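The opening residue of the sequence shown carries number 17 in the deposited numbering; numbering runs sequentially from there.
Even for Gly, the Cβ is constructed at its ideal location relative to N, Cα and C.
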Amino acid sequence: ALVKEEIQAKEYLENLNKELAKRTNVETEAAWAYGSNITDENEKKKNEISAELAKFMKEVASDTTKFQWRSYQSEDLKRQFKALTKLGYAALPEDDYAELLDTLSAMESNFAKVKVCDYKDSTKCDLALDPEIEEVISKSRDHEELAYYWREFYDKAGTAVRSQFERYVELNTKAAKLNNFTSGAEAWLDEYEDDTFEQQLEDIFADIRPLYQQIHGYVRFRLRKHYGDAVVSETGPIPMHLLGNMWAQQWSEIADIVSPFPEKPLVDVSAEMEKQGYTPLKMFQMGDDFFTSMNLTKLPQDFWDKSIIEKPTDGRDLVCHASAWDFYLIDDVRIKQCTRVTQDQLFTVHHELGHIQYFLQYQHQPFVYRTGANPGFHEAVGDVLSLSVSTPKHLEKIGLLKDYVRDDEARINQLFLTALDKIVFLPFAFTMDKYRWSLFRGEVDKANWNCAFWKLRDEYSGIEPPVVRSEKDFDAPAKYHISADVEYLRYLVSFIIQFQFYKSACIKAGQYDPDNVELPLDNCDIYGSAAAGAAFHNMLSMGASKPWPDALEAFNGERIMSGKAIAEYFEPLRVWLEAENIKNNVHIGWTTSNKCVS
Ligand SMILES: *[C@@H]1O[C@H](CO)[C@@H](O[C@@H]2O[C@H](CO)[C@@H](O[C@@H]3O[C@H](CO[C@H]4O[C@H](CO)[C@@H](O)[C@H](O)[C@@H]4O)[C@@H](O)[C@H](O[C@H]4O[C@H](CO[C@@H]5O[C@H](CO)[C@@H](O)[C@H](O)[C@@H]5O)[C@@H](O)[C@H](O)[C@@H]4O)[C@@H]3O)[C@H](O)[C@H]2NC(C)=O)[C@H](O)[C@H]1NC(C)=O
Ligand SMILES: *[C@@H]1O[C@H](CO)[C@@H](O)[C@H](O)[C@H]1NC(C)=O
Ligand SMILES: *[C@@H]1O[C@H](CO)[C@@H](O)[C@H](O)[C@H]1NC(C)=O
Ligand SMILES: [Zn+2]
């Protein structure tokens, strides 16, 4: 019975893979329509399609129980069946499932329709996060203006959806239990296929905390000289609204005021991008070039015909948060980005294009294997290229960085600017899932949900709100991914493993030798390296066909997620920075925040 049944099973899967691909295509199309044009109508359609696919997924789960799949010889077949048993939200009773979609939709659409009044003109009330409020948080050095925009934004994107958030936690939890995980924490963590994963990340975070604390301390020092001691204390958490970003996840936008050597060059090519007439189209074409230059795959025509790479001008509602989309056919991949001509946006274009490349690289695989080896792998791909693009080396080659001397002081400036984006983010990213895990697991009482957020943010990042908050506010959904039910640990894993890929890609490209001051890891450009491209191909082409350790091994021979590489990259900075903090008697650490009242 069992040798025969295994042969039938292979044909069952082959055939079922194709059907899921096609049914997902339709669901994706409806999601796309909504996300690119928010209306009551498109909401209904997206939600009804999803409901129907959920119903089919349930029959598929049920059909898995008819096959003796755990007894089969083929690891590969067992892997595909295992994946089909994991329903996620689709396990919910029909009505509960529809209620959950309506709750998610309410939250995501609240986020995307937020608008605030101009600080200087309360008649003018149509400022959106993207682009208006983002530009003020990133450019203004008026602490009171900054604080105003912070409060207006968090009040509308966060507090306004407490009731919905709460319902979502209930449903998320119910759904996980139906799949027999303890909570949604364990449902998310199952993607990493490793029991010790949480512990591994705590270990890695603990090894990098000291460097993070040195950075924190230095930035605080510099902010005090800018804003004065009335605005920033020596010993407390940094007021977050001064850190150049609405969530303080990255601080690179205040590099003008905290850079180690302000006499020396600090790389910001936005102004040159605008002077040379760059458009979004050019930016995407440069990204394409980067990948084709490494002998990877060209964007297909469908990409250019159907992508949305600039913010519509018909004043409609849409989700402007940048995203990459697989449509599960052949060569139908798309990006929706409300692209602006800046350095940071050029990196985002590479980031998103990294997802697109992953899609194209694994599109021959069976449907259940057409995703990342783990979610962090997907988010890392494009960032490995962004690491290169951001190098002075690369930016001189493309004519965006003019008259740059690469002295020791400019290296330090560049290193620190990178650290503001890459080290700073790690605690931030860890907290976004720690908060949510703690609610999913039932560890925090509803009475304390807002202060448990800011508590994590204090303990891990050493920041706090500009104003006093309380349990009358609900601040966590003011972050896109929280409002939209996007797991965030992927981004923590990405910011660690991308240094492992980059370092390895740099070695393959000839651009990095430890024992050679002409090839330092932080000036490595892998543009043009078919040797780097080959490693990418070997790993990305695998999809989720094997456990992620085997995908990493395809790239570089390793099997372990490790913080060695990111430390190696920042080692030069750490040595200078420790010494500079001691030279200036810089206070390190912070007192417990007093900005969330229970
Ligand atoms: C999450 O964990 C849940 C437990 O916390 C789990 O729920 C259980 O799922 C079981 C599915 O295996 C289910 O098992 C069956 O139960 C039938 C009787 O149960 C009733 O009585 C209970 C009290 O006694 C009530 O509380 C329930 O509500 C039920 O109404 C059994 O009659 C049934 O049996 C048939 O199935 C087996 C088939 O199993 C195998 O397959 C082949 C052949 O098909 C065999 O050769 C093989 O060795 C093995 O037999 C047959 O052996 C048998 O002859 C019958 O045809 C079966 O045992 C159980 O009821 C349910 N329990 C509870 C408490 O809910 C969820 O499944 C988990 N969810 C996920 C997503 O994994
Ligand atoms: C947005 O979608 C609506 C349907 O709710 C449609 O009629 C409208 O014209 C759309 N706008 C664009 C530009 O797609
Ligand atoms: C480029 O990729 C192809 C597969 O598309 C491979 O066969 C070949 O070896 C690579 N070429 C170069 C320039 O190494
Ligand atoms: Zn991404």
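Out of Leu120, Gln514, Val509, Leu537, state which residue places its alpha-carbon closest to the alpha-carbon of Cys522. Translated into the one-based positions of the sequence shown, residue 522 becomes position 506. Measuring from the Cα of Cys522, the nearest candidate turns out to be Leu537.
Going by CA-CA distance only, name the one from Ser87, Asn58, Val42 that's closest to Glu22. Locating residue 22 in the sequence shown gives position 6, where the first residue counts as 1. Among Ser87, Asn58, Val42, the Cα nearest to that of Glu22 belongs to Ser87.
Work out the CA separation of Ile324 and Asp305 for me, nearest whole Å. Mapped onto the sequence shown, residue 305 falls at position 289. Mapped onto the sequence shown, residue 324 falls at position 308. Between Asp305 and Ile324, the C-alpha separation is close to 19 Å.
Quick check: does the Cβ of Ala525 come within less than 7 Å of any heavy atom belonging to ligand 3? For this step, residue 525 is matched to residue 509 along the sequence shown. No, since every heavy atom of ligand 3 falls outside the 7 Å radius drawn around the Cβ of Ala525.
Beta-carbon within less than 6 Å of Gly549's beta-carbon, same chain only, minus the 5 sequence neighbours each way: which residues are those? Residue mapping note: residue 549 aligns to position 533 of the sequence shown, counting from 1. Excluding positions up to five away in sequence, the list reads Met310, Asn311, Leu312.
DSSP beta-bridge partners for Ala340? If you number the sequence shown from 1, residue 340 lands on position 324. Looking at the DSSP assignment, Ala340 forms a beta bridge with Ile351.
Three-state secondary structure (DSSP) at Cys612? Sequence index remark: in the sequence shown, residue 612 carries index 596 (1-based). If DSSP states are grouped into helix, strand and coil, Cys612 belongs with the strands.
Do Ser179 and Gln377 come within 8 Å of each other at the CB atom, strictly closer than that value? Counting from 1 along the sequence shown, the entry for residue 377 is found at position 361. Counting from 1 along the sequence shown, the entry for residue 179 is found at position 163. No, these two residues do not count as a Cβ contact at 8 Å.
State yes or no: is the C-beta of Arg183 nearer than 7 Å to some heavy atom of ligand 2? As a first step, residue 183 is located in the sequence shown; it is residue number 167 there, counting from the start. Not under cutoff, so the answer is no.
Three-state secondary structure assigned by DSSP to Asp423: Translated into positions along the sequence shown, residue 423 becomes position 407. Coil at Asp423, not helix or strand.
Cross-strand partners of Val132 (DSSP beta bridge): The count along the sequence shown starts at 1 and reaches residue 132 at position 116. Answer is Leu143, bridged to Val132.
Quick one, which of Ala560, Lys322, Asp92, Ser90 has its alpha-carbon nearest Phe393's? Against the sequence shown, residue 393 aligns to sequence position 377. Cα-wise, what sits closest to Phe393 is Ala560.
Can you tell me which of the three DSSP states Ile479 falls into? Stepping through the sequence shown from its first residue, residue 479 is reached at position 463. DSSP places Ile479 in strand when its eight states are reduced to three.
Element boundaries [alpha helix (DSSP H), containing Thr44]: Within the sequence shown, the letter at position 28 stands for residue 44. Looking at the DSSP string, the run of the alpha helix (DSSP H) that includes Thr44 is 18 to 51.
Rounded to the nearest angstrom, what separates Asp211 and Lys524 at their Cα positions? By 1-based counting over the sequence shown, the position of residue 211 is 195. By 1-based counting over the sequence shown, the position of residue 524 is 508. So the alpha carbons of these two residues sit roughly 32 Å apart.
Residue list, Cβ distance to ligand 3 heavy atoms smaller than 5 Å: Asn311, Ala546
Is DSSP giving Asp158 helix, strand or coil here? Within the sequence shown, numbered from 1, the residue matching residue 158 stands at position 142. In the structure shown, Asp158 sits in coil (DSSP, three-state: anything other than H, G, I, E or B).
Segment contact flag, the stretch 132 to 143 with the stretch 243 to 252, C-beta cutoff 8 Å, min 3 pairs: no
Please check the pair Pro253 and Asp474, which I expect to be a contact at CB under 8 Å, by giving their CB distance rounded to whole angstroms. Within the sequence shown, residue 253 is the residue found at index 237, counting from 1. Within the sequence shown, residue 474 is the residue found at index 458, counting from 1. 6 Å between Cβ atoms; contact.
Please report the distance separating the alpha-carbon of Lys94 from that of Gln229. Working through the sequence shown from its first residue, we reach residue 94 at position 78. Working through the sequence shown from its first residue, we reach residue 229 at position 213. Computed Cα separation, rounded: 46 Å.
In angstroms with no decimal places, state the Cα-to-Cα distance between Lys102 and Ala396. Working through the sequence shown from its first residue, we reach residue 102 at position 86. Working through the sequence shown from its first residue, we reach residue 396 at position 380. Straight-line Cα distance between these residues: approximately 25 Å.
Exposure label - residue 693; buried when at least 16 CB within 10 Å: For residue 693 there is no data in the structure shown, the boundaries of the chain being 17 and 614.
CA-CA distance, residue 684 and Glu68? What the structure shows of the chain is the stretch from 17 to 614, and residue 684 is not part of that stretch, so it cannot be assessed.
Could you tell me the distance, in whole angstroms, from the CA atom of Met73 to the CA atom of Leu227? To locate residue 73, count along the sequence shown from 1; it is residue 57. To locate residue 227, count along the sequence shown from 1; it is residue 211. Their backbone Cα atoms lie some 46 Å apart in a straight line.
Where the alpha helix (DSSP H) through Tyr543 begins and ends: Mapped onto the sequence shown, residue 543 falls at position 527. From DSSP, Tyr543 is part of no alpha helix (DSSP H); its letter is neither H nor E.
Using the DSSP secondary-structure output, state which residues sit across from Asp137 in a beta bridge. Along the sequence shown, read from residue 1 onward, the residue named residue 137 stands at position 121. Its beta-bridge partners are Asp134.
Which residue or residues does DSSP assign as beta-bridge partners of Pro255? As a first step, residue 255 must be located in the sequence shown, where it is residue number 239. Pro255 is bridged to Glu480.
Residues sharing a beta bridge with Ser486, DSSP: As a first step, residue 486 must be located in the sequence shown, where it is residue number 470. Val613, per the DSSP bridge assignment.
Check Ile324 in the structure and name its three-state DSSP category. Residue mapping note: residue 324 aligns to position 308 of the sequence shown, counting from 1. Three-state DSSP puts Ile324 in a strand.
Just the Cα atoms here: how many angstroms apart are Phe375 and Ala567? What you label residue 375 is simply residue 359 of the sequence shown in a count that begins at 1. What you label residue 567 is simply residue 551 of the sequence shown in a count that begins at 1. Whole-angstrom Cα-Cα distance: 15 Å.
Taking the Cβ atom as the reference point for each residue, do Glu59 and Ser156 lie within a distance shorter than 8 Å? Against the sequence shown, residue 59 aligns to sequence position 43. Against the sequence shown, residue 156 aligns to sequence position 140. Not a contact, by the Cβ cut-off of 8 Å.
By DSSP, does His380 sit in helix, in strand, or in coil? Numbered from its first residue, the sequence shown carries residue 380 at position 364. Coil at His380, not helix or strand.
Using three-state DSSP, classify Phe446 as helix, strand or coil. Within the sequence shown, the letter at position 430 stands for residue 446. Three-state DSSP puts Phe446 in a helix.
In whole angstroms, what separates the C-alpha of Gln379 from that of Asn195? As a position in the sequence shown, residue 379 is number 363, starting the count at 1. As a position in the sequence shown, residue 195 is number 179, starting the count at 1. So the alpha carbons of these two residues sit roughly 28 Å apart.
Rank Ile576, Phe307, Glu151 by C-alpha distance to the C-alpha of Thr358 and give the top, closest one. On the sequence shown, residue 358 is found 342 positions in, with the first residue counted as 1. Measuring from the Cα of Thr358, the nearest candidate turns out to be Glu151.
What does the Cβ neighbour count give for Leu18, buried or exposed, with the cut at 16 atoms within 10 Å? Sequence index remark: in the sequence shown, residue 18 carries index 2 (1-based). Per the 10 Å Cβ criterion, exposed.
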